[PDB]
Structure formats: structure tokens, C-alpha cells
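Worksheet: the structure to be examined is printed underneath.
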Amino acid sequence: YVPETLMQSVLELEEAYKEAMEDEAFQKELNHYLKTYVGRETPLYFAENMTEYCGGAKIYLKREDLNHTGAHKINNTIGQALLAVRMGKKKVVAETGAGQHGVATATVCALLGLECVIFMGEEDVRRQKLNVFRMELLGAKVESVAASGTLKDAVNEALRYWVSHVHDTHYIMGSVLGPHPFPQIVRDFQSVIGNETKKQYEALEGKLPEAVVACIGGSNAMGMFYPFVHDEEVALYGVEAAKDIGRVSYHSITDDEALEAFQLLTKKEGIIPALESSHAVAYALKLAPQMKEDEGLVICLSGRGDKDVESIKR
Amino acid sequence: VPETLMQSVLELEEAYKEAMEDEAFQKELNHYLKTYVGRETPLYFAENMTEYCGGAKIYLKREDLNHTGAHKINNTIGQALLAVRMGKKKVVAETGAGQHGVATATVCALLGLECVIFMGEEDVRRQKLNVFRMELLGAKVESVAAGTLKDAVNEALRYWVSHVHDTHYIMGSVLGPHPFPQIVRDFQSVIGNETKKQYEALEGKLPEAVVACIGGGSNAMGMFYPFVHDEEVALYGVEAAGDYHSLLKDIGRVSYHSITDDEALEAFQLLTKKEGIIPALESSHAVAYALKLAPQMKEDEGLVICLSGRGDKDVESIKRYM
């Protein structure tokens with residue numbers, strides 16, 4: 001049964017995904033790689049100096065920077081790559097902008113023995129030399145898209161590539177920008193973050209956290225927020241640089257505030273956060289002093305501020 | 001207060017003994033190892049690497065998954081906590097390539113300790129990343145122009161003795177005076193102890209071989225020591241080519257093997273492509289040696305490689321080479 005159109009490819013993936021989520025063996029294998037390869041569960045760390053400094057709620061850091069790759073994208077890519085393997089596929093195509101999803105895809109393809117083709121707009125390729133080099137070392141073929149040459153164009157080429165090689169190729173999307181069932185699949189695999197956070201926090205405090213804080217970025221916080229979505233007593237704070245069910249209030253942090261948060265976290269907790277994370281920490285630095293001492297606030301940390309020289313130069 | 005190295009060391013010896021028998025000390029230590037450092041680290045089965053060599057199963061002890069990306073923190077957190085227990089608010093350390101330095105500054109940031117780190121001039125100028133990490137973490141980095149690791153160790157000793165009243169020396173090198181080699185070995189045994197437990201759980205037996213890097217003041221005794229008495233477990237120390245330590249090698253309990261830069265670079269490319277793990281170049285030497293060993297072992301046999309450090313540091317320098 002081999003698809004000839006994007007619709008048929010999407011339907012093929014729907015059925016495969018539903019079958020997998022009901023096969024206990026699939027989930028068992030996924031958990032095995034999440035444990036021994038990715039390094040889950042990641043710690044929920046009580047930042048006691050930070051807590052003393054703000055003067056309000058207990059502050060906890062969900063350490064997604066301690067995943068293999070140093071970021072949480074891999075939670076999604078490994079789930080999908082295993083799905084690809086389960087579908088009997090031998091290749092993965094993906095698209096990437098800054099490179100995080102690309103590197104994360106190339107990584108699990110190396111792991112699982114899958115060929116890997118990554119589409120990237122020429123503009124992004126020009127300004128992500130090391131990430132591109134990382135992807136190639138991981139064995140991936142990187143295709144520079146000039147058709148403008150932005151992320152949108154890379155996506156379109158990836159979709160066409162998927163369809164025309166669909167007999168053996170699966171498309172690993174990192175965005176929740178459709179089509180279905182890609183947003184669901186991504187949300188479900190990313191949910192291990194909020195699910196872990198919930199279980200770990202309960203075990204510590206015997207209740208749910210009063211607040212959870214994460215950077216929005218492009219959808220980034222779906223994994224952390226979704227498991228708490230039906231717990232309305234839990235305030236969800238999406239942070240962006242300077243769904244619509246009303247569960248998430250959004251906030252902007254400037255470059256300067258995020259710099260201060262970066263310095264404080266580094267000096268007070270010995271944790272060097274990436275720039276997006278620093279925006280999250282920065283908002284929490286505004287929120288924590290306003291909350292009570294017997295309350296708890298969780299900040300999601302992702303990405304490493306000291307991965308290489310180019311990154312720490314700031 | 002002590003005024004001599006001899007007295008400083010006796011003060012340390014007694015403080016260490018008491019801490020080690022304080023159940024509250026072991027509890028706190030384990031708390032930070034779990035929730036801060038992120039132990040236990042996983043023992044990962046490298047299936048592609050295993051198929052490639054066609055011999056023993058190859059497991060990777062993932063010390064790269066610690067906070068900081070290396071295993072030096074296992075020792076710094078133990079001694080920093082010891083410092084707090086001794087009632088000291090300051091810390092001095094030596095560092096060579098900077099890993100120990102960063103792990104020391106990290107834990108001083110965490111526990112609110114002042115940090116002075118001595119580092120040979122030649123090491124300072126070529127460890128830009130690690131120096132910036134140390135400074136960002138709030139440590140004073142003192143360049144030693146005397147200017148190798150030996151000169152930094154001596155300068156750290158001099159500083160310690162002079163400031164012994166409120167300063168503890170967190171040593172990472174195992175070539176220093178008693179009881180530092182014992183303390184570092186004990187704190188690092190969490191690597192070997194975990195490995196043995198995780199491997200037995202999986203295989204119902206002990207590894208036929210354990211492979212680990214040595215040098216730069218490091219001993220890999222944290223990984224090797226818990227296996228020393230299991231004589232059927234071969235112990236391999238790997239260096240960069242350029243009953244019951246030096247004893248262990250002399251009587252043949254442990255054997256030492258050198259790996260070239262080209263062999264190391266090859267293993268670095270292989271691990272990346274086969275496992276999606278980009279290793280530090282140092283660690284690659286151990287991977288390179290395991291590549292020579294694995295094919296000569298049986299399929300029903302097993303080998304563990306201690307993997308430490310994050311290779312993302314080295315990608316920039318390697319790209320230039322290629």
C-alpha cells in the first residue's frame with residue numbers, strides 16, 4: 001500500500017501512529033532509548049540560592065539542558081524515528097531553520113541506522129556553518145534550498161521530497177504548524193517533559209506546582225504545558241523575546257533582562273543557560289517575589305549557553 | 001590553624017574521616033549527585049558500534065550526561081561539601097585543561113564559596129571556553145608563569161597553606177600528597193560502582209573489559225577501582241600518544257595503551273556516524289582503543305567504555321582540520 005499524494009501520505013502516517021501508540025512494545029522501546037540514550041528522566045532541581053534571592057516561591061528548574069544534544073527537540077525526533085523504523089522505512093527527511101531540529105534529526109538517524117536528508121534555506125545555511133557541519137558529521141545530507149531561500153521554502157521542498165520518496169521515507173516535522181497528525185505526534189512525544197515534571201514535583205511537594213514558566217520561541221513549550229492543561233489551578237506562563245484556550249498568558253523579556261538572568265543563574269546556581277532559557281529565567285525573576293514561600297514555580301531549561309566558543313562570546 | 005602543608009593535610013585527613021562516617025553528609029552528597037549532577041548516568045548499549053566491530057557488545061558509560069558534561073564534578077561536589085562541613089567559605093583549585101577548574105567553579109557558585117583557580121599560562125591561552133566558563137561562574141583565574149600544571153599545583157599548595165584558616169584546596173590531580181588521591185578515588189567510585197551494578201543488571205555477569213582514559217593528573221581509578229578485585233575483568237587505561245595504581249600497572253592488573261591523534265579522530269568520526277554521539281577528542285582515544293579490542297572478543301562478551309566530555313567543544317577545531 002504505497003501513497004501517491006500528500007493526503008495519502010498523511011493518512012498512512014495517521015494509521016501507523018495509532019497502531020504504534022497501542023503497541024506496548026513500541027512504548028517500551030521508546031522508553032528504553034529515552035532512558036539509556038537521551039538520559040531521561042532529567043532532574044527537577046531545587047534552585048535554593050535563586051529562591052533565597054527572589055524571596056518568594058520555591059524555584060525549580062526542569063533540566064532539559066541535560067538531555068543528550070543539550071536540548072529537548074530530541075524527545076520528538078526519537079519518537080518519530082522509531083515510528084519510521086516501525087513503519088519499515090529506511091530514510092527520514094526533515095527541515096530546519098537555526099539547526100536544532102536538524103541536528104536532533106541527524107542524531108537519531110545515526111542512532112537508528114536511518115538515512116537522513118535535511119532541507120535548509122540557503123540564507124540559514126549561510127549563517128549556521130557549525131550546525132550544518134554537525135549534521136554532516138552525523139551522516140546527514142544537507143540540501144541548501146534557494147527556491148527567497150527561507151525556512152518556508154525548505155519546508156515545501158521537504159514535503160515534496162517526502163511524497164515522492166514516501167515508499168521508504170518518513171518526514172520528521174519539528175513544528176506544530178500542520179498538517180495533522182504532525183501537531184499531535186509532536187505534542188505527544190514532547191509531553192514527557194511536563195509528565196516528568198508533574199510526577200517529580202508531586203513526589204516532592206505532594207501537590208501540583210502553582211506556576212510553570214517556559215520560553216515560547218517559534219510552540220517550544222507544548223511539551224511542558226500540555227500535561228498541565230487540564231489542571232486549571234496551575235498558571236502557565238509563556239515567555240517570548242522582544243493555545244488560545246486562555247490557559248497561557250504571554251510575556252516579553254528584553255535582551256537586557258535576559259542577560260541579567262543569565263548572569264544570576266550562572267553565579268547563583270552554577271548553571272550556564274542558553275539565551276532563550278535566560279528569557280524564561282528572567283520572567284520567573286519577576287514572578288517569584290510576588291508568590292508565597294509555600295508556593296512553587298517551575299522553569300523549563302533548554303539549550304546550553306556554553307556548548308562552544310561562538311555561543312559563549314556574549 | 002595549620003601553618004604547614006603537613007598540618008594542613010592532617011586537618012584534612014581528620015575532617016574527611018569524620019565526614020565519611022556522618023550519615024547526614026552522605027545523604028546531602030547523594031542529594032546533590034542525584035538532583036544537581038544527574039546521577040546515575042546511563043550505561044548505553046552501542047548497537048551500531050557493536051555490529052561494526054563484529055565482536056564484543058560495546059557499552060558506553062555516559063559521563064557526558066552529567067551537569068558540566070564531564071565527571072570531574074563528582075569529585076568537586078564531594079570536596080566542596082566537605083569544605084562546608086569543615087566550616088570554610090573559600091576554595092582554591094588547580095586545573096590543567098580546565099575541566100576540573102570548571103567543575104570546581106560550578107560547585108562554588110552553587111554552595112556560595114569563593115573560588116580561586118590556578119592555571120598554567122600555556123593552558124590559559126588555549127582553553128578560552130573553559131576560562132570564560134570559570135570567570136562567568138565567578139572564579140578568579142590566576143595564570144601561573146612559573147607554566148605547566150605542575151607549576152599550578154605548586155602554586156595552589158602555597159596558596160592553600162597560606163590561607164588554610166578559611167580556604168580548602170579542591171584537588172583534582174591524583175599525584176598530590178595523601179590523602180588527596182584517596183579522596184578523589186572515593187568520590188569518583190560512583191562511576192565504577194554504577195557501571196558494575198547497571199552492567200550486572202543487564203548481563204547477569206561482569207564485563208570482560210573496561211576501557212578508560214588516563215593522564216593529565218587523572219587516574220580513571222573511579223571507574224577501575226570497583227572492579228580491581230574481579231580479576232576476570234580486564235582493565236585498560238588509554239593515553240594520548242605523543243593484591244590491592246602505578247602498582248596496578250606494574251603487576252599487570254591494569255594495562256596502558258597509547259592511541260594516536262589519527263586513530264582518535266577516526267573513532268570520533270565513527271562514534272558520531274554510528275551512534276549520533278559526538279565525543280570529546282580525549283574520550284575518543286578510549287573509543288579508538290575499544291575499536292581494536294572489540295573484534296578480538298567473542299559475541300557473548302562485553303566491553304564498557306567510560307565516555308566523558310561533550311564533543312561540541314571540538315567541532316570547531318576539527319572542521320578546520322578537515
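By order of appearance in the C-alpha cells: chains A, B, ..., then residues from 1 within every chain, and ligands from 1 in the order shown.
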
* Could the residues of chain A within 9 Å of chain B, counting only C-alpha atoms, be given as a PyMOL selection string, please? => chain A and resi 33+35-39+42-49+65-70+106-113+130+133-134+136-140+263+266-272+306-309+312-313

Selection to disk with N, CA and C atoms, as a tab-separated table (two decimals), in the first residue's frame:
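selection30.tsv was written with the following content:
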chain	number	residue	atom	x	y	z
A	33	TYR	N	15.19	3.90	24.92
A	33	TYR	CA	16.10	4.88	24.33
A	33	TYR	C	16.06	6.21	25.06
A	35	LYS	N	15.68	6.56	28.18
A	35	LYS	CA	16.45	6.37	29.41
A	35	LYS	C	17.96	6.30	29.14
A	36	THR	N	18.36	5.34	28.32
A	36	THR	CA	19.78	4.98	28.22
A	36	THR	C	20.51	5.81	27.19
A	37	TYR	N	19.77	6.46	26.30
A	37	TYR	CA	20.40	7.25	25.26
A	37	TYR	C	20.21	8.75	25.46
A	38	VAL	N	18.96	9.18	25.65
A	38	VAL	CA	18.68	10.60	25.81
A	38	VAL	C	19.05	11.05	27.23
A	39	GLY	N	18.85	10.16	28.20
A	39	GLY	CA	19.18	10.46	29.59
A	39	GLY	C	18.00	10.88	30.46
A	42	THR	N	15.16	13.70	33.25
A	42	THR	CA	16.03	14.84	33.54
A	42	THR	C	15.69	15.34	34.93
A	43	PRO	N	16.68	15.89	35.65
A	43	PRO	CA	16.34	16.33	37.02
A	43	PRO	C	15.36	17.51	37.07
A	44	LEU	N	14.58	17.55	38.14
A	44	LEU	CA	13.85	18.74	38.55
A	44	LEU	C	14.64	19.28	39.73
A	45	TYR	N	15.39	20.35	39.52
A	45	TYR	CA	16.35	20.77	40.54
A	45	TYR	C	15.87	21.98	41.33
A	46	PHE	N	15.88	21.85	42.66
A	46	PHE	CA	15.52	22.95	43.55
A	46	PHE	C	16.64	24.01	43.61
A	47	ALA	N	16.37	25.18	43.05
A	47	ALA	CA	17.38	26.24	42.98
A	47	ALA	C	17.31	27.10	44.23
A	48	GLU	N	17.99	26.67	45.29
A	48	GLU	CA	17.73	27.28	46.59
A	48	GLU	C	18.32	28.68	46.75
A	49	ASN	N	19.44	28.94	46.09
A	49	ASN	CA	20.02	30.28	46.10
A	49	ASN	C	19.12	31.25	45.36
A	65	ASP	N	18.30	20.87	29.56
A	65	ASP	CA	19.64	21.08	29.02
A	65	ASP	C	20.53	19.86	29.31
A	66	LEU	N	20.03	18.92	30.10
A	66	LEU	CA	20.82	17.71	30.42
A	66	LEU	C	20.45	16.50	29.56
A	67	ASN	N	19.45	16.65	28.69
A	67	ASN	CA	19.29	15.69	27.59
A	67	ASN	C	20.57	15.57	26.77
A	68	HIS	N	20.79	14.40	26.20
A	68	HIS	CA	21.69	14.26	25.07
A	68	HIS	C	21.24	15.26	23.98
A	69	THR	N	22.22	15.94	23.36
A	69	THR	CA	22.08	17.14	22.50
A	69	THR	C	21.97	18.44	23.29
A	70	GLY	N	21.68	18.34	24.59
A	70	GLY	CA	21.57	19.54	25.41
A	70	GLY	C	20.26	20.31	25.19
A	106	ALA	N	19.32	14.36	12.67
A	106	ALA	CA	20.51	13.67	12.21
A	106	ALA	C	21.04	12.73	13.29
A	107	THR	N	20.82	13.14	14.53
A	107	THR	CA	21.31	12.38	15.67
A	107	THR	C	20.60	11.04	15.79
A	108	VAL	N	19.27	11.06	15.76
A	108	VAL	CA	18.53	9.83	15.96
A	108	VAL	C	18.61	8.96	14.71
A	109	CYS	N	18.82	9.58	13.55
A	109	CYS	CA	19.03	8.78	12.34
A	109	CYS	C	20.34	8.00	12.41
A	110	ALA	N	21.37	8.62	12.98
A	110	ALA	CA	22.65	7.91	13.12
A	110	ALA	C	22.41	6.75	14.06
A	111	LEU	N	21.77	7.04	15.18
A	111	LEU	CA	21.45	6.03	16.19
A	111	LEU	C	20.74	4.82	15.59
A	112	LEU	N	19.67	5.09	14.84
A	112	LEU	CA	18.77	4.04	14.38
A	112	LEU	C	19.14	3.47	13.01
A	113	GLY	N	20.22	3.96	12.41
A	113	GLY	CA	20.67	3.46	11.12
A	113	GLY	C	19.78	3.92	9.96
A	130	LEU	N	28.49	25.75	11.58
A	130	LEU	CA	28.84	24.68	12.50
A	130	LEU	C	27.72	23.65	12.63
A	133	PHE	N	27.77	21.60	9.63
A	133	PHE	CA	28.89	20.67	9.78
A	133	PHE	C	28.56	19.55	10.78
A	134	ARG	N	27.88	19.87	11.88
A	134	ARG	CA	27.43	18.84	12.81
A	134	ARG	C	26.53	17.80	12.13
A	136	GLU	N	26.29	16.99	8.98
A	136	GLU	CA	27.06	16.18	8.04
A	136	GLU	C	27.93	15.12	8.76
A	137	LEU	N	28.52	15.48	9.89
A	137	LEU	CA	29.31	14.51	10.66
A	137	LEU	C	28.40	13.40	11.15
A	138	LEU	N	27.16	13.75	11.47
A	138	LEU	CA	26.18	12.76	11.93
A	138	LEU	C	25.65	11.93	10.74
A	139	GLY	N	26.16	12.22	9.54
A	139	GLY	CA	25.90	11.40	8.38
A	139	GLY	C	24.78	11.89	7.49
A	140	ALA	N	24.20	13.04	7.84
A	140	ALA	CA	23.05	13.56	7.11
A	140	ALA	C	23.46	14.25	5.82
A	263	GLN	N	23.43	35.91	33.99
A	263	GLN	CA	24.48	36.14	34.97
A	263	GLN	C	24.11	35.59	36.35
A	266	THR	N	23.98	31.71	36.47
A	266	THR	CA	25.34	31.18	36.40
A	266	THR	C	26.06	31.31	37.74
A	267	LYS	N	25.98	32.50	38.35
A	267	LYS	CA	26.70	32.78	39.60
A	267	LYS	C	26.03	32.20	40.85
A	268	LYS	N	24.71	32.04	40.81
A	268	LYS	CA	23.96	31.56	41.98
A	268	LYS	C	23.68	30.05	41.95
A	269	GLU	N	23.56	29.46	40.76
A	269	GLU	CA	23.28	28.03	40.66
A	269	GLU	C	24.35	27.19	39.92
A	270	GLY	N	25.39	27.83	39.40
A	270	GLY	CA	26.39	27.11	38.63
A	270	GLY	C	25.84	26.52	37.35
A	271	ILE	N	24.76	27.10	36.85
A	271	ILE	CA	24.15	26.65	35.61
A	271	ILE	C	24.20	27.76	34.56
A	272	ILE	N	24.90	27.48	33.46
A	272	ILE	CA	25.05	28.43	32.36
A	272	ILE	C	23.96	28.13	31.32
A	306	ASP	N	26.94	27.26	26.95
A	306	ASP	CA	28.38	27.09	26.79
A	306	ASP	C	28.73	25.87	25.94
A	307	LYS	N	27.97	25.66	24.86
A	307	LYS	CA	28.21	24.49	24.01
A	307	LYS	C	29.53	24.63	23.25
A	308	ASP	N	29.81	25.86	22.81
A	308	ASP	CA	31.03	26.16	22.06
A	308	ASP	C	31.40	27.63	22.22
A	309	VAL	N	32.55	28.02	21.68
A	309	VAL	CA	33.05	29.39	21.80
A	309	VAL	C	32.11	30.42	21.17
A	312	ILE	N	29.26	31.25	23.59
A	312	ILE	CA	29.54	31.91	24.87
A	312	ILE	C	30.09	33.33	24.71
A	313	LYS	N	30.43	33.71	23.47
A	313	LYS	CA	31.01	35.02	23.19
A	313	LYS	C	30.24	36.19	23.82

* Within segment 16-168 of chain A, find each residue whose DSSP state, derived from the backbone, is alpha helix (DSSP H), and express the selection as a PyMOL selection string. => chain A and resi 16-20+24-33+48-54+73-86+100-112+122-126+129-137+151-164

* Interatomic distance, atom CA of residue 75 of chain A to atom CA of residue 23 of chain A (Å, one decimal) -> 18.7 Å

* Residues of segment 10-217 of chain A in strand (DSSP E or B) according to DSSP, as a PyMOL selection string? -> chain A and resi 44-46+58-63+91-95+115-121+141-145+169-171+211-215

* Residue neighbourhood residue 276 of chain A, 8 Å, only C-alpha atoms, exclusion window fewer than 5 positions, as number ranges by chain -> A: 215, 217, 241, 302-303

* Compile the contact shell of residue 257 of chain B as JSON, numbers by chain: residues with an atom at most 12 Å away, counting only C-alpha atoms, same-chain residues fewer than 6 positions apart removed. => {"B": [211, 212, 213, 214, 215, 235, 236, 237, 238, 239, 240, 241, 249, 285, 286, 288, 289, 290, 292, 293]}

Could you save the residues just selected, with N, CA, C and O atoms, as a tab-separated table (two decimals), in the first residue's frame?
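File written: again_1.tsv
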chain	number	residue	atom	x	y	z
B	211	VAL	N	37.38	0.06	29.60
B	211	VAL	CA	38.36	0.92	28.93
B	211	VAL	C	38.14	2.37	29.35
B	211	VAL	O	37.00	2.87	29.30
B	212	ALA	N	39.22	3.04	29.74
B	212	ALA	CA	39.10	4.41	30.23
B	212	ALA	C	40.35	5.23	29.91
B	212	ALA	O	41.45	4.69	29.81
B	213	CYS	N	40.17	6.55	29.76
B	213	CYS	CA	41.30	7.45	29.54
B	213	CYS	C	42.10	7.63	30.83
B	213	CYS	O	41.53	7.58	31.92
B	214	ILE	N	43.40	7.84	30.69
B	214	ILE	CA	44.23	8.25	31.82
B	214	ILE	C	45.11	9.44	31.44
B	214	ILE	O	45.36	9.68	30.26
B	215	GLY	N	45.59	10.16	32.45
B	215	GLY	CA	46.55	11.23	32.22
B	215	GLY	C	46.02	12.62	32.53
B	215	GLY	O	44.81	12.80	32.74
B	235	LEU	N	41.29	-4.52	32.60
B	235	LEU	CA	41.24	-3.09	32.85
B	235	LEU	C	42.22	-2.39	31.92
B	235	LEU	O	43.43	-2.65	31.95
B	236	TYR	N	41.71	-1.50	31.08
B	236	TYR	CA	42.57	-0.87	30.08
B	236	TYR	C	42.62	0.65	30.20
B	236	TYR	O	41.61	1.33	29.98
B	237	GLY	N	43.79	1.17	30.51
B	237	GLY	CA	43.98	2.61	30.52
B	237	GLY	C	44.57	3.05	29.20
B	237	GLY	O	45.52	2.44	28.69
B	238	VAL	N	44.02	4.11	28.64
B	238	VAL	CA	44.42	4.58	27.32
B	238	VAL	C	44.98	6.00	27.40
B	238	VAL	O	44.33	6.90	27.94
B	239	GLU	N	46.16	6.23	26.85
B	239	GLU	CA	46.72	7.58	26.84
B	239	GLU	C	46.92	8.12	25.42
B	239	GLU	O	47.03	7.37	24.45
B	240	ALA	N	46.97	9.45	25.31
B	240	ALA	CA	47.31	10.08	24.04
B	240	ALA	C	48.77	9.81	23.71
B	240	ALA	O	49.65	10.14	24.49
B	241	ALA	N	49.01	9.22	22.55
B	241	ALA	CA	50.38	9.07	22.06
B	241	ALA	C	50.90	10.45	21.67
B	241	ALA	O	50.15	11.28	21.15
B	249	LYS	N	49.51	-1.12	37.46
B	249	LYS	CA	50.12	-1.31	36.15
B	249	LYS	C	51.36	-2.21	36.24
B	249	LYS	O	51.59	-3.06	35.39
B	285	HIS	N	40.06	8.68	22.28
B	285	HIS	CA	41.20	7.76	22.38
B	285	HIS	C	40.73	6.44	22.95
B	285	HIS	O	41.08	5.38	22.44
B	286	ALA	N	39.89	6.50	23.99
B	286	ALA	CA	39.37	5.28	24.59
B	286	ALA	C	38.48	4.53	23.60
B	286	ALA	O	38.52	3.30	23.52
B	288	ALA	N	38.79	4.67	20.42
B	288	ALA	CA	39.71	4.12	19.42
B	288	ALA	C	40.33	2.82	19.90
B	288	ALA	O	40.49	1.89	19.11
B	289	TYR	N	40.68	2.75	21.18
B	289	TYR	CA	41.29	1.53	21.66
B	289	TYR	C	40.27	0.41	21.72
B	289	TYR	O	40.57	-0.74	21.37
B	290	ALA	N	39.06	0.73	22.16
B	290	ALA	CA	38.00	-0.27	22.20
B	290	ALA	C	37.71	-0.84	20.80
B	290	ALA	O	37.34	-2.01	20.67
B	292	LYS	N	39.95	-1.55	18.64
B	292	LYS	CA	40.96	-2.56	18.36
B	292	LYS	C	40.69	-3.83	19.16
B	292	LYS	O	41.01	-4.94	18.73
B	293	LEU	N	40.13	-3.64	20.34
B	293	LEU	CA	39.85	-4.72	21.26
B	293	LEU	C	38.60	-5.53	20.90
B	293	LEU	O	38.62	-6.77	20.88

* Pick out the residues sitting within 10 Å of residue 2 of chain A, and hand them over as number ranges by chain; count only C-alpha atoms, and ignore anything fewer than 6 positions along from it in its own chain. => A: 8-9, 12, 166-168

* Skipping near chain neighbours, those fewer than 6 positions away, what residues fall within 8 Å of residue 143 of chain A using only C-alpha atoms, listed as a VMD selection string? -> chain A and resid 117 to 120

* To do: Find the spatial neighbours of residue 218 of chain B, counting only C-alpha atoms, within a cut-off of 10 Å - ignore same-chain residues fewer than 4 positions away - and output them as a list in words.
  => residues 72, 172, 173, 174, 175, 181, 184, 185, 213, 214 and 222 of chain B

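Here the question is which of B:180, B:118, B:256, B:169 gets nearest to residue 152 of chain B using only C-alpha atoms, and that residue is B:118.
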
Against segment 291-296 of chain A, which residues of segment 165-263 of chain A fall within 12 Å? For each one I want the closest pair of atoms and the distance in Å (one decimal), counting only C-alpha atoms, rows by chain and increasing residue number, as a Markdown table.
| residue | atom | partner | partner_atom | distance |
| --- | --- | --- | --- | --- |
| A:201 | CA | A:296 | CA | 9.1 |
| A:202 | CA | A:296 | CA | 10.9 |
| A:204 | CA | A:296 | CA | 10.7 |
| A:205 | CA | A:296 | CA | 8.6 |
| A:206 | CA | A:296 | CA | 11.3 |
| A:207 | CA | A:296 | CA | 9.6 |
| A:208 | CA | A:296 | CA | 8.5 |
| A:209 | CA | A:296 | CA | 5.2 |
| A:210 | CA | A:296 | CA | 5.6 |
| A:211 | CA | A:296 | CA | 6.6 |
| A:212 | CA | A:296 | CA | 8.7 |
| A:213 | CA | A:296 | CA | 11.1 |
| A:234 | CA | A:296 | CA | 10.3 |
| A:235 | CA | A:296 | CA | 10.9 |
